[PDB]
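Step one of this worksheet: look at the structure below.
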Ligand SMILES: Nc1ncnc2c1ncn2[C@@H]1O[C@H](COP(=O)(O)OP(=O)(O)OP(=O)(O)O)[C@@H](O)[C@H]1O
Ligand SMILES: Nc1ncnc2c1ncn2[C@@H]1O[C@H](COP(=O)(O)OP(=O)(O)OP(=O)(O)O)[C@@H](O)[C@H]1O
Ligand SMILES: [Cl-]
Ligand SMILES: [Cl-]
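Residue numbers (PDB author numbering), protein chains in the order written: chain A, 4 to 393; chain A', 4 to 393. A prime marks a further copy of an entry chain.
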């Protein structure tokens with residue numbers, strides 16, 4: 004019964020169709036379905052990070068396919084010297100294949116696994132690829148990840164870029180099978196905030212809805228946008244952008260009247276829903292700096308006796324965006340940043356620049372200290388009241 | 004600059020060494036390092052789920068290597084008809100290779116990707132494999148995932164099983180590089196609770212510390228163990244074990260005096276730290292059943308006016324353990340169960356059996372209702388007290 008013949012080797016993209024949970028995620032609640040679009044978008048954003056793409060158009064078609072057009076360099080079209088087919092076909096049909104295993108093509112990229120669009124292809128009943136590169140238009144069609152013919156020159160062009168349109172496999176995706184405008188818009192808005200000078204257009208051909216994301220203000224405007232329907236309690240958004248020992252750190256924050264903590268973390272524009280070394284550095288610095296400031300200004304009595312890290316973060320909105328040549332995550336999902344050097348990179352910058360901010364904006368600083376004290380008092384009233392019910 | 008020659012294909016286990024975050028996880032905080040041991044253990048547990056292994060020995064050696072010995076069937080030793088080397092070498096050296104892509108060798112298995120021990124091998128500067136199978140002892144040594152010679156017969160035996168000892172690569176693992184007794188013990192204890200009749204031994208050859216996990220009581224004893232140092236508020240642990248439409252559902256729960264909710268979810272013995280369809284079914288049923296009971300017993304006035312799902316779960320300890328022929332997760336980490344059929348499987352069983360439990364144990368039922376009401380009152384006192392500080 005259990006012998007050498009029980010041992011099965013999945014080849015090509017078969018492994019992706021066998022276990023889509025491993026590659027695209029939840030194939031049932033819609034998160035995976037939208038992640039098919041995000042893999043293609045993230046590849047275009049990487050062209051932008053590299054300085055080669057200023058213009059991205061995402062289109063929800065009336066047949067529930069999605070296309071992503073960029074004006075970046077184009078997916079390489081040349082025959083791959085080892086694989087014997089176009090570099091484009093290698094990218095589409097081979098796991099762990101791409102230009103983000105070194106710093107030669109992208110200095111900084113959210114991509115690192117070499118599986119993103121090979122996974123989109125595998126789980127798409129159809130993919131259309133159109134490449135503008137080296138004065139030529141290249142076209143290729145895939146069905147369930149199988150190329151219908153070699154990548155072929157169809158025209159001349161003086162432009163560069165990539166168009167991928169994919170029809171998600173109805174065999175793979177279940178329950179939530181239709182693209183939701185607002186799920187795509189949330190991520191493209193945030194990418195606009197993170198990539199000033201990149202025009203991102205979202206077009207819905209089902210109902211003619213259109214958006215053009217080209218936000219003024221970067222992550223400063225991002226924090227203003229996030230605090231819109233909260234009541235910001237101080238007018239000076241804390242902001243900085245630094246680069247040291249090859250690490251980009253960009254931070255913006257502002258407190259509001261509410262009781263939530265919302266710190267949005269990013270590595271090469273990829274969100275970390277479970278934080279990591281950038282959040283850990285941000286937190287250490289915020290605590291050290293606020294505690295140092297409160298001690299120096301004599302306000303420490305409450306902070307010294309009770310006020311803690313948690314109560315600093317009550318009503319906090321912040322964006323922490325880092326640029327890392329070779330990031331490490333805790334998993335394939337890239338939801339937690341592991342790169343240990345990023346923690347001191349964020350921590351030393353925040354320590355210096357948040358200290359300066361509090362000296363340069365004493366009105367803001369007194370309001371934030373007020374906020375910290377009020378959050379401690381509420382926390383202690385609540386603990387006391389739970390005890391009294393017993 | 005950016006052309007077909009920029010496109011690199013990682014072959015064999017190179018992809019695992021290039022991006023260990025994708026395969027083993029955090030290579031810096033120790034979680035990944037311990038996960039190397041858990042991949043090998045989980046493979047032995049799968050032999051147990053299949054009915055073929057009653058005995059597992061995990062050993063921390065004084066050189067910081069780890070071995071896992073099972074008395075299961077043995078890794079197949081026969082030449083693989085396609086790959087041309089031993090099935091064992093295929094398992095060790097090929098991603099997406101194994102016997103858990105169908106229900107022929109394991110009816111139910113935590114394994115499903117075919118990468119677990121191929122990843123351990125890749126990130127081990129040395130791995131020793133010893134297989135007892137078909138009356139023969141088979142031995143093979145790997146260095147950095149490269150076999151030093153073909154799997155070779157070295158002896159006769161009337162026994163079956165697998166021994167893997169691995170020396171983690173000092174190039175891959177950083178900061179936390181030493182195995183922690185207690186991290187391994189926590190998981191082997193829980194596996195003992197989940198697998199009655201499987202003897203699990205943990206041996207530390209650094210200090211001679213030994214444990215033998217062969218717990219009496221299954222997940223009932225698991226819940227008793229978890230409530231030890233809390234104050235259980237009712238003596239009748241709710242418990243059931245069912246099998247319907249090919250899904251095993253096993254639940255045990257008991258309330259304590261504390262304010263935490265702790266629901267430990269498992270699929271084929273793999274933990275879901277982020278829950279999924281089993282937790283969602285458990286929650287729906289618990290809410291429907293408690294609400295139905297409170298309404299019928301007339302206690303509903305508080306529950307109807309205020310008491311909510313959250314306050315049911317305050318002071319709750321529970322274990323939800325499901326057995327699923329072909330599970331689907333939201334990611335490679337297997338931390339969230341996606342299989343949608345599991346939600347109604349857990350929900351219908353809990354609805355019926357928790358209803359019966361509350362009718363059959365009216366003293367417990369009145370205490371749990373008391374608990375639910377008290378948690379609402381504390382929640383409302385706390386909200387009120389936060390408002391009054393403003
Ligand atoms: N829009 C694009 N323009 C140019 N090159 C692209 C584009 N999309 C993909 N590529 C190339 O194809 C390669 C493979 O992309 P794929 O998404 O499969 O993996 P990756 O982006 O390298 O990593 P990840 O799996 O983390 O996304 C990229 O590394 C890049 O070299
Ligand atoms: N201790 C063992 N005894 C018997 N067969 C084993 C043992 N360990 C591994 N195998 C075999 O080797 C195969 C490959 O194991 P591996 O851990 O690489 O992947 P998997 O267990 O199939 O899935 P996953 O990647 O989710 O762990 C298993 O499917 C099984 O057939
Ligand atoms: Cl065999
Ligand atoms: Cl090229």
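Just so you know, even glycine gets a beta-carbon here, dropped at the ideal spot from N, CA and C.
The beta-carbon of residue 112/A' is placed no less than 7 Å from the nearest beta-carbon of chain A.
Within 6 Å of the C-beta of residue 124/A' there is not a single heavy atom belonging to ligand 2.
Exclusion of residue 6/A' from the 6 Å shell around ligand 1 follows from its C-beta lying no nearer than that to any non-hydrogen atom of the ligand.
Listed in chain order, the alpha helix (DSSP H) elements of length 4 or more contained wholly in the segment 169 to 226 of chain A are 184 to 197. Close CB contacts of residue 148/A within its chain, under the 6 Å cut and outside five residues either way in sequence, are with 16, 124 and 125 (chain order). For residue 104/A, the nearest beta carbon of chain A' is closer than 7 Å to its own beta carbon.
Annotated as proximal: residue 40/A' and residue 69/A', with beta-carbon spacing under 7 Å. Assignment of residue 65/A by DSSP, reduced to helix, strand and coil, places it in the coil class.
Between the C-alpha atoms of residue 89/A and residue 72/A there is a straight-line separation of about 20 Å. A distance criterion of 6 Å places the beta-carbon of residue 153/A beyond contact range of ligand 4, judged by its closest non-hydrogen atom. Here residue 297/A' is buried. Its C-beta has 16 or more other C-beta atoms within 10 Å. When C-alpha distances from residue 155/A are compared across 162/A, 132/A and 325/A, the shortest belongs to 132/A. Of the other Cβ atoms in all chains shown, 16 or more fall within 10 Å of the Cβ of residue 166/A; this residue is therefore buried. Interface annotation for the segment 156 to 184 of chain A' against chain A: 177 and 178, criterion Cβ-Cβ distance under 9 Å. In the displayed model, residue 162/A' falls within coil according to three-state DSSP, outside both helix and strand.
For a Cβ distance threshold of 9 Å, residue set 333, 334, 335 and 336 of chain A lies close to residue 336/A', ordered along the chain.
At least one C-beta of chain A' is nearer than 7 Å to the C-beta of residue 28/A. Listed along chain A, the residues sitting closer than 8 Å to residue 115/A' by beta-carbon distance are 22. When secondary structure is reduced to three states using DSSP, residue 304/A' falls in the helix class.
In the displayed model, residue 317/A falls within coil according to three-state DSSP, outside both helix and strand. For residue 365/A, the shortest separation between its Cβ and any heavy atom of ligand 4 does not lie below 6 Å. For residue 46/A, the enclosing alpha helix (DSSP H) has its first and last residue at 34 to 52.
In this structure, residue 84/A has its beta carbon at no less than 6 Å from each heavy atom of ligand 4.
If you draw a 10 Å sphere on the C-beta of residue 365/A', you find fewer than 16 other C-beta atoms in it, and that means exposed. Of the residues assessed, residue 238/A' falls on the exposed side of the cut-off, its CB having fewer than 16 other CB atoms within 10 angstroms.
Close partners of residue 8/A in chain A' (Cβ separation under 9 Å): 79, 81, 83, 84 and 90. A distance below 6 Å between beta-carbons, with the five flanking residues on each side excluded, links residue 229/A to the following residues of its chain, in chain order: 320. Between residue 169/A' and residue 127/A', the beta carbon gap of about 4 Å places them in contact (Cβ cut-off 8 Å). Here DSSP, grouped into helix, strand and coil, assigns residue 295/A' to helix.
Here DSSP, grouped into helix, strand and coil, assigns residue 271/A to coil. DSSP, reduced to helix, strand and coil, places residue 387/A' within a helical segment of the structure shown. In summary, residue 234/A is exposed, with fewer than 16 beta-carbon neighbours lying within 10 Å of its beta-carbon over all protein chains present. Between residue 345/A and residue 284/A, the beta carbon gap of about 7 Å places them in contact (Cβ cut-off 8 Å). Here residue 117/A' is buried, its C-beta having at least 16 other C-beta atoms within 10 Å.
Between residue 361/A and residue 368/A, the C-beta gap is smaller than 7 Å, which places the two residues in contact. Residue contact with chain A' for residue 247/A: absent (no Cβ-Cβ distance below 7 Å to any residue of chain A').
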